[PDB]
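*Asks:* Sequence plus experimental coordinates follow:
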Amino acid sequence: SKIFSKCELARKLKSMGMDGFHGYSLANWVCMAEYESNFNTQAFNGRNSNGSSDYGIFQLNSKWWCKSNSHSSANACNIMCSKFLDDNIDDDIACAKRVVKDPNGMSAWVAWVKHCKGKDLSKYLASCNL
Ligand SMILES: [Ca+2]
């Protein structure tokens, strides 16, 4: 039952070199996690806009990013989706890095687009000790 708090997730992704990863700040990555999953490592959504399922803290779809069975999968991260439901987000970060490499950047995550892209996040982590 791993559920993160903003500042905890931040210190975490800040130690995985995410701050500025692909030109994206640390606040953006977190902001993304807050609205995609509410910082829940076990968050699940089985009726995505597509039709598959979104897994974990970053809600990685199973049609493009991880492998399952319900349907085929490019499984571009070469890892089973269930891994994204366990409490060590070490392997979810590695796959979220692959995602931002695609043409649409962090817009791959609709929630980040809805409540993060157009917002002023200069103080989003101000209360955090990093
Ligand atoms: Ca994991």
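*Replies:* Noted; the coordinates are in hand. Numbering: from 1, shown residues only.

*Asks:* CA atoms for contacts and neighbours, from now on please.
*Replies:* Noted.

*Asks:* Next, the residue nearest the centre of the chain: secondary structure please.
*Replies:* Centrality entry for the chain: nearest residue to the mean C-alpha point is residue 58, 2.3 Å, by C-alpha atoms, centre = their mean. With DSSP: H, G, I helix; E, B strand; the rest coil as the basis, residue 58 sits in coil.

*Asks:* Hmm, it is touching residue 30, no?
*Replies:* No - in this structure, residue 58 is not within contact of residue 30 by C-alpha atoms under 8 Å, at 9.6 Å.

*Asks:* This structure: strands as residue ranges?
*Replies:* 44-45, 54-55, 60-61 (DSSP state E).

*Asks:* Save these as JSON lines, and put in mean neighbour count and distance to the ion too.
*Replies:* Shown next, in JSON lines, are those (neighbours: other C-alpha atoms under 10 Å; distance: least, C-alpha to the ion, whole Å):
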{"stretch": "strand 44-45", "mean neighbour count": "17", "distance to the ion": "13"}
{"stretch": "strand 54-55", "mean neighbour count": "25", "distance to the ion": "10"}
{"stretch": "strand 60-61", "mean neighbour count": "24", "distance to the ion": "11"}
